[PDB]
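S.K.: Residue numbers (the authors' numbering), protein chains in the order written: chain D, 1 to 44, 47 to 360, 369 to 436; chain B, 1 to 44, 47 to 360, 369 to 436; chain K, 1 to 37, 47 to 437; chain L, 1 to 37, 47 to 437. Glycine included, every Cβ here is placed at the ideal spot set by N, Cα and C. I am attaching a structure below and will ask some questions about it afterwards.
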Amino acid sequence: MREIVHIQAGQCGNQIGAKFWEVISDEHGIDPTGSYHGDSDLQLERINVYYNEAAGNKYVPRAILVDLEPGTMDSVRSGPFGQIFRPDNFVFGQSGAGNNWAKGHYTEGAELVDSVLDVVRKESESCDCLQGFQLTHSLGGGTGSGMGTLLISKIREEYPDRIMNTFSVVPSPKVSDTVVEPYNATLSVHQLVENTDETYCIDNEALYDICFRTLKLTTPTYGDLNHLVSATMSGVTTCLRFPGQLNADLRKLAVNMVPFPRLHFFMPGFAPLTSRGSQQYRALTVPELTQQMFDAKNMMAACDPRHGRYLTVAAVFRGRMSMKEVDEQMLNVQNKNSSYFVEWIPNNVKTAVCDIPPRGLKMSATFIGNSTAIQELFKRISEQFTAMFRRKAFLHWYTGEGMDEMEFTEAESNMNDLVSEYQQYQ
Amino acid sequence: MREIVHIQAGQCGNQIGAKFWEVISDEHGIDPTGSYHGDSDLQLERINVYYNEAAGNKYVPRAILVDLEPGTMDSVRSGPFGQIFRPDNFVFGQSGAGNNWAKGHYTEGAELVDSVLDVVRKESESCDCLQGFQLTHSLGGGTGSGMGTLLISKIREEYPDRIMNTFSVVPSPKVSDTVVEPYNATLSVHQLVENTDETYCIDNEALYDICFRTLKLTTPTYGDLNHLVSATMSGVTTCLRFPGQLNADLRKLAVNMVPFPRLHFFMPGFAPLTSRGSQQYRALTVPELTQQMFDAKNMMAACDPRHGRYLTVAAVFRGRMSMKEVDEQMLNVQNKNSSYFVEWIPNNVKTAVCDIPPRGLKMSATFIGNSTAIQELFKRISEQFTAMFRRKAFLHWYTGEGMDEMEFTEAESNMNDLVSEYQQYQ
Amino acid sequence: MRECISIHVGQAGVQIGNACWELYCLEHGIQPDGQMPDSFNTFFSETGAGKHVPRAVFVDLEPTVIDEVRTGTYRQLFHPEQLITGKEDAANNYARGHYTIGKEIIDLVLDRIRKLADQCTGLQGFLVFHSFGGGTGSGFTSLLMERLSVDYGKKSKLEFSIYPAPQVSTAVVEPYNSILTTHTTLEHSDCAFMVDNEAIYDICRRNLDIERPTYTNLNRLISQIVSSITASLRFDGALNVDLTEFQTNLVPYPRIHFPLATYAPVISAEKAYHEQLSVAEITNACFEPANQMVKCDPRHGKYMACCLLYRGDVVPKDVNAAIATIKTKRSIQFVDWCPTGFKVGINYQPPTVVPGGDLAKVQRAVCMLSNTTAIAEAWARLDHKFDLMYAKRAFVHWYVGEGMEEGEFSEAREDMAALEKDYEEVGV
Amino acid sequence: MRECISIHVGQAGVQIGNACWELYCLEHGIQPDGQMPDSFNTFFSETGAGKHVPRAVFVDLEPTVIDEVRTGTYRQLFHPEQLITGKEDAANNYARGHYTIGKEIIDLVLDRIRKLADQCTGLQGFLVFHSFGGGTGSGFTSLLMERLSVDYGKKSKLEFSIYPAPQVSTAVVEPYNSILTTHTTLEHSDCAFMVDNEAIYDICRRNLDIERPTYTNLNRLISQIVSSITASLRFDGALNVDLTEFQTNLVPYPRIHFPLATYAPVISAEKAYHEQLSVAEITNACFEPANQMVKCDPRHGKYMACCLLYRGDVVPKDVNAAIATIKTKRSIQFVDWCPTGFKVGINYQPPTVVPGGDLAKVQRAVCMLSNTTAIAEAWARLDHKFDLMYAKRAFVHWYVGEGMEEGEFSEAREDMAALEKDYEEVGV
Ligand SMILES: Nc1nc2c(ncn2[C@@H]2O[C@H](COP(=O)(O)CP(=O)(O)OP(=O)(O)O)[C@@H](O)[C@H]2O)c(=O)[nH]1
Ligand SMILES: Nc1nc2c(ncn2[C@@H]2O[C@H](COP(=O)(O)CP(=O)(O)OP(=O)(O)O)[C@@H](O)[C@H]2O)c(=O)[nH]1
Ligand SMILES: Nc1nc2c(ncn2[C@@H]2O[C@H](COP(=O)(O)OP(=O)(O)OP(=O)(O)O)[C@@H](O)[C@H]2O)c(=O)[nH]1
Ligand SMILES: Nc1nc2c(ncn2[C@@H]2O[C@H](COP(=O)(O)OP(=O)(O)OP(=O)(O)O)[C@@H](O)[C@H]2O)c(=O)[nH]1
Ligand SMILES: [Mg+2]
Ligand SMILES: [Mg+2]
Ligand SMILES: [Mg+2]
Ligand SMILES: [Mg+2]
């Protein structure tokens, strides 16, 4: 009961997905072969949420891997945990998208997509009651953004009543990796606005800051960064996988955190986060976790929560904890930091608690905030788009893939409207 | 009780027959010498359906091998299992037919045929209650098509009340092996229309697709292809050879699957079919088998079932299975895919179950569909015939063998009529 | 004295019969070889020392199903001459059953039956097990029924028939066979107990907690019903019911002889521990639509007569109480022309359970046989199914081939229409 | 005879119910397997030998909470058919509870309830455990209450409800759910006992010396109250109270059926040694605002009726003395239209304590149920909360999606306004 379908689109998305799978298999006591070697019966009770049971006491991720390039697939298959995936669930093209949203959405991606659709239909049929979909990808390139968006549109058309979740790695302001990133992000964000129910805005710059400042890590690799994201992902769906004292799944979270249809862009967070040295000089207690989570410098989106207000915040706690203590701490934070919370939604905080902690830790926390500061992310992007579009820079490539200028105009308008709406509800 | 007589005509037919025999001997625990070395008493209980018992605890196929060329016979005799066949049951000519239906039907084949007739009469006399005949051949050449057809006509004349089954390998559209294939197919199809009770339309292109796409096989040889066909053949008659929970033989299948006399052209299918790699990541269960069988890409005829409707479909299941589960799955498929089934024949599905699974597998399935999409196969052929015949191309050869133009006109008309009838009942 | 002859026709009939005979053996302490280490005489003849032989004939047009019996566990129980086998089947064709194939074997089976009947001194009648859908179960049975009616007539005829489902049908041509056999059925058999596999499946999943029931599970359940029916003859209870008595009570008009049965309790081993399965409880459960053996809504029909057959640790007073309670339930309506709609039997022997069976051992059980107008709904759907197919003459040629005439089909349809109309009229 | 059916709805309802059933078992000497190595019949059916089964139905739209019960310590106590589980939750949405998800499961639960009720010969009524804030606890319960009212009606209905706090709310949408369920609650349930988690927490920290109370600690305390209520039915005391009696005494007008409860003494193991916990003392402690189960000031309200339920080593004379003393306290005011505001019950059995519990074993205890105008304050704050959110239509779209109409919200608000006004009028 309550099966989730996982989709990974483009290189980054795939990489994050791999990490996610690795963590979750470890959590549920699943080895690199698909065999259960755990101790606790609780690890297998709700195994069906993320895994299909294959013949001969093995488990396989309900995961679809998508890319316009084959190399990524190979890299995944050769990775630790690569062999756990169903071979028929790898759907790859041969060409690539060349950082072009149009190639991913209209051309190469279009050709690819039917296969993917066929796979995912089968995966849906297999599951007794699919609660919904989780897509991991980025907005800045061509595949994850254009192809991903296309896929999402198709999915929603066939499953309009199911929950649609995306973990979207967004382009940061300073660390600009590509030149057409503004275009790709703009086009994809628009589509996300209409077709996702909740969007987790993850930002590389913020991750780097976390790694450098909070973990004090000498050399971050993408893997390390990805780990953080994976942890966050695991946090959200802990209530579907384990028992607890107060239980909240994907739907319950959405209903409590989304007051208006369009405002479904979250700034996620995780706690605790310490170095090796600073491990000894700390208190493993709920007050400390709470303190950590609400800090601006612990957000995985490059936005200052002190530049806006929280519309709603959901906190998900893992480990053996006193409910009273949890409640006290959340009330204290809202009373003390009154100015950071919208005053016309009393009790801006939703709490959920799962008894099963993550491995290595006795207590852990996951944060989901709907903050009006997310407007900053959109605004910058809009500005950059304007700067490009005013001089029609790089437009020709997109138009060569069948895209028309008017779409760009529309998307930009839409994003502007969204920004305005956030501002006004602040 | 209930003896079947096997006939193999022309090279392809012979080759398929060899494979068929090999599989069946293995199944019934019969070695290359004709001796029973099996374990189960169930393997010998109904051995007489396909084997005559010779002196000294040996078994011999009730098989007649026919060719206008002797080389094929030699090749068969030198094969693994070649020595099991009765030497007197090889009936061969010396000349060959040169891809000419007329040579096979009117001239060389005519001269040959009396011997064959004499053999088969004896084989009939030997058997206590012959249920009928199975002919394996192709429509595109001269021997299997012309000689085969001739043989069938003769047989039906002497056994008008017995069941007449053909496994006919049909010419595909793209992979055209010969130039006069259209002619040979047209002429033979006509004859089949009047003289066979059920015709299994097997297509090389579809087989290749199965091998390449579904089995992921690096290099298919004809042997591999033939194996698939053999499996299918074995499936149909499993109910005559073993016990079961619900039993259906050749007659029962025909009566349930043929609503109108002329509409007896089946698209057969088999399941399960997996690679070596994809063996581990699968569920050995009835739902999965069902899913596999009904897919368009698992049909051994190059026709899209989604281009027509199923008039009737017979499913034959082998292994220890729950009847309820089987029934649920078949009802689900018809309810979900309502549009692919003719609405004026309620319960378009017939089910049969045999307790004895094939070797190596715990569960297996054989599919027989009477689909209106088979019209495509006829239509293409008709078109090609027209294209040739309009310019009288290659006609002279046929006429030199005594054939008249009017026969061609007749056959073409007949086929057209058949096509029309299929279309209208769609 | 009091003896019942069992006839098992076609695959279904054979397989139900196997289960039945397994159950009977266990009930009377007869081993699979006929030896026992008295009432069992109602089902078995006794020959010499250390032998008892079932008063049964097994008939099939194929060898396959019967051949299993010959090879199997109960090979010594039946003598070879009571297992009758042809060479070719009816191939799901009524015509082949009734005419082409059936006319070759019917005489033989009749002769054997006569031989069997001559050995019995107090023949109660016949129990006939078959299906409506198969060529043998339909065509052969209709032929056999005619002959039996001619030869014996006044001796009672009972048929236990696997009716085809609305949704879950295994074969394509079922409606034709069903319609054809109904015509002769109405003419001949004196009371006919319809059952539906789909309903049984539902029961096994919901009440017995079995994910995947196979035919062996259905058959066992079916056998239980038969046991309840015949326990009044095979044991000595407080208050008893004979077959003639049953007929008198349960069949109000000659044509209206289709009472649908049901059993209670059908429960798991574990789920029995918590439930206090009282007489009142089981009785209440009997009159619930979910536990029915045929798919239909009694709430939309009216009861004409119900027979309640209790077995085991049951006392009359509490049965009476249960009946009274049932009377006062507005949602269970009986027709106005029958104010007293109960025949009640109580037998001392608890239901015995087959080792490795799905049913738990209980102190009490009940088999309700009720005649209700709601059964007409089944006929309506079947008729509808028939009419579609016949509109296109689909498959008809096959039947014609074996000597059937098109006019027969129409006649059969008419007969069924008339029957449905009759059912309509009695419920007003 | 005298029997009470318990219904446990949603997470909160389930978890309170677990505690309750743990307590009952210990009280009556029933082991977790249903075996006992008579009055317990009020809560348990008895089946065969060595078994007793709770007269309870556990309902949740998810599997998770109930699945714990199935796996856990008391898996053998309940039979599987009394534990009802859907597939998808109400997701903190009233609409999903009442309509979209609830309409799929309500029939089933009703049928089971009817089955349960048919086994009881002297039905007193129903105890319904839930919360006002959850989608299931609100939406499902309202639906269920309607159906129960229809089917039974005159049989008493009691609900034990976890009311949302003023400050410490765990969920965002609580006010909407609370308002919606209140409308149906007023229509149907006959008396409703509100409780607040915040108050319980305060009590546990201040009176029990627990730094960190978890839900298990609250639940245990809550169960005690229920035990006090039902001890008059489960034991034979000197002076007794039935549920109908309670209703008669405590509810002065049909709409004014919200009495807030409280328990005394709630003390630590050590702090019990020094205190001489007399009847007078505990009684005095009952009427103090700090020990209340709902956050509000009684000093600012008026009492309309109080029921005092004493248990253990208590004699009437000293209870009377205590009551007299309470009468003479000017700070505790009763409305002028009720000069005699006491119903008094005294039961012989001391409060039993759960091994590993927070409460010490005492010779005497009391449960006070009082109807007071001060409860109106809670409704005022809740209404205020509702009105803010609704001003912006925040979250409303979700409810609309599941078939709720905006007009319903307004109607509900109006109903609550009317209720508050009614409360105002009776205190004048
Ligand atoms: N947080 C992470 N960000 C990544 C990772 N890999 C890439 N990226 C970021 O994502 C962007 C590059 O995205 P992709 O390779 O996924 C573009 P994609 O293959 O989807 O389409 P193409 O344009 O066809 O290559 C860029 O901002 C990278 O800096 C990763 O492992 N973690
Ligand atoms: N599926 C298979 N198809 C085959 C096989 N061998 C040949 N064929 C196909 O059949 C056709 C060639 O047929 P044949 O050699 O049987 C013609 P035949 O000997 O019957 O008459 P002649 O004209 O006298 O040779 C052609 O379409 C081949 O591609 C086989 O082993 N399997
Ligand atoms: N209840 C039950 N029904 C069965 C069983 N086997 C077959 N059926 C039903 O019987 C019908 C098929 O008829 P069969 O008895 O197999 O056919 P037959 O009597 O052997 O007739 P032919 O094979 O056509 O000669 C279908 O409705 C099946 O669902 C069984 O073991 N139990
Ligand atoms: N006293 C007490 N209150 C609880 C407990 N668990 C949850 N709550 C309260 O119940 C309310 C939340 O409702 P739940 O019962 O969790 O929700 P639900 O009934 O399962 O409804 P959905 O999950 O939305 O379908 C909040 O006011 C919680 O504080 C518990 O064990 N004891
Ligand atoms: Mg890439
Ligand atoms: Mg050749
Ligand atoms: Mg049969
Ligand atoms: Mg819940």
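Just to confirm my understanding: we take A126(K), look at its own chain, exclude 5 residues before and 5 after, and list those with CB closer than 7 Å. What are they?
M.R.: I5 and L132
S.K.: Have a look at the DSSP bridge pairing and note the partners of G354(L).
M.R.: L318(L)
S.K.: In this structure, does DSSP put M149(B) in helix, strand or coil?
M.R.: helix
S.K.: Compare the C-beta of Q301(K) against all C-beta atoms of chain L and say whether one is closer than 8 Å.
M.R.: Between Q301(K) and chain L, the shortest Cβ-Cβ separation is not below 8 Å.
S.K.: Which parts of the stretch 390–415 of chain B are runs of the alpha helix (DSSP H), unbroken and 4 residues or longer, counting only runs that do not cross its ends?
M.R.: 405–410
S.K.: Using CA coordinates, which residue listed in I122(K), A174(K), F169(K) and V177(K) is at the minimum distance from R156(K)?
M.R.: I122(K)
S.K.: Which two residues bound the contiguous beta strand (DSSP E) that contains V375(K)?
M.R.: First-last of the beta strand (DSSP E) with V375(K): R373 to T381.
S.K.: Heavy atom of ligand 1 less than 7 Å from the Cβ of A303(D), yes or no?
M.R.: no
S.K.: Among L397(K), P32(K), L317(K) and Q128(K), whose alpha-carbon lies nearest the alpha-carbon of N329(K)?
M.R.: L317(K)
S.K.: Can you say whether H266(L) is buried or exposed, counting buried as having 16 or more other CB atoms within 10 angstroms of its CB?
M.R.: buried
S.K.: Which residues does DSSP list as the beta-bridge partners of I165(D)?
M.R.: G134(D)
S.K.: So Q301(L) is in the alpha helix (DSSP H); what residue range does that whole segment cover?
M.R.: Premise fails: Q301(L) is in no alpha helix (DSSP H) and is neither H nor E.
S.K.: To which residues does DSSP link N54(B) through a beta bridge?
M.R.: BP columns for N54(B) point to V62(B).
S.K.: Beta-carbon within less than 7 Å of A104(L)'s beta-carbon, same chain only, minus the 5 sequence neighbours each way: which residues are those?
M.R.: A distance below 7 Å between beta-carbons, with the five flanking residues on each side excluded, links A104(L) to the following residues of its chain, in chain order: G148, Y408, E411, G412 and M413.
S.K.: Going by C-alpha to C-alpha distance, which of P261(L), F395(L) and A240(L) sits closest to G321(L)?
M.R.: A240(L)
S.K.: Let me check one thing: in DSSP terms, what residues is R229(L) bridge-paired to?
M.R.: None; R229(L) has no bridge partner.
S.K.: Whole angstroms are fine: how far does the CA of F169(L) sit from the CA of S236(L)?
M.R.: Between the alpha carbons of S236(L) and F169(L) lies a gap of roughly 12 Å.
S.K.: Which whole runs of the beta strand (DSSP E) in the stretch 70–148 of chain K are 3 residues long or more, in chain order?
M.R.: 92–94 and 131–140
S.K.: For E125(D), is the beta carbon positioned less than 7 Å from some heavy atom of ligand 5?
M.R.: no
S.K.: From the DSSP output, in three-state form, read off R2(K) for me.
M.R.: strand
S.K.: With distances taken between CB atoms, is the gap from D69(B) to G10(B) smaller than 8 Å?
M.R.: Using a Cβ distance threshold of 8 Å, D69(B) and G10(B) count as a contacting pair.
S.K.: Using a Cβ distance threshold of 8 Å, determine whether the stretch 284–304 of chain K contacts the stretch 412–427 of chain K, with at least three qualifying pairs required.
M.R.: Contact fails: fewer than three Cβ-Cβ distances are below 8 Å.
S.K.: Roughly how far, in whole angstroms, is the beta-carbon of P359(B) from the beta-carbon of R320(B), given that I think they are within contact range, below 8 Å?
M.R.: Going by Cβ atoms, the distance from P359(B) to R320(B) rounds to 5 Å, so yes, they are a contact pair.
S.K.: Along chain B, in chain order, which residues have C-beta atoms closer than 7 Å to that of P245(D)?
M.R.: Ordered by position in chain B, no residue passes the 7 Å Cβ test against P245(D), which lies about 27 Å from the chain.
S.K.: Taking C-alpha atoms, which residue in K402(D), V93(D) and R64(D) lies nearest to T74(D)?
M.R.: Of the listed residues, the one whose Cα sits closest to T74(D) is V93(D).
S.K.: Would you verify that the beta carbon of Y53(B) is, or is not, closer than 8 Å to some beta carbon of chain D?
M.R.: no
S.K.: Within the same chain, show all residues whose beta-carbon is closer than 6 Å to that of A304(D), passing over the 5 residues directly before and after it, in chain order.
M.R.: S174, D205, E207 and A208
S.K.: Assuming the contact rule is C-beta atoms closer than 8 Å, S151(L) and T109(L) should be a hit. Round their C-beta distance to whole Å, please.
M.R.: Actually they do not touch by this definition, with Cβ atoms about 14 Å apart.
S.K.: Taking contact to mean at least 3 C-beta pairs separated by less than 8 Å, is the stretch 248–264 of chain K in contact with the stretch 184–203 of chain K?
M.R.: Segment contact: the stretch 248–264 of chain K against the stretch 184–203 of chain K, three or more CB-CB distances shorter than 8 Å; contact assigned.
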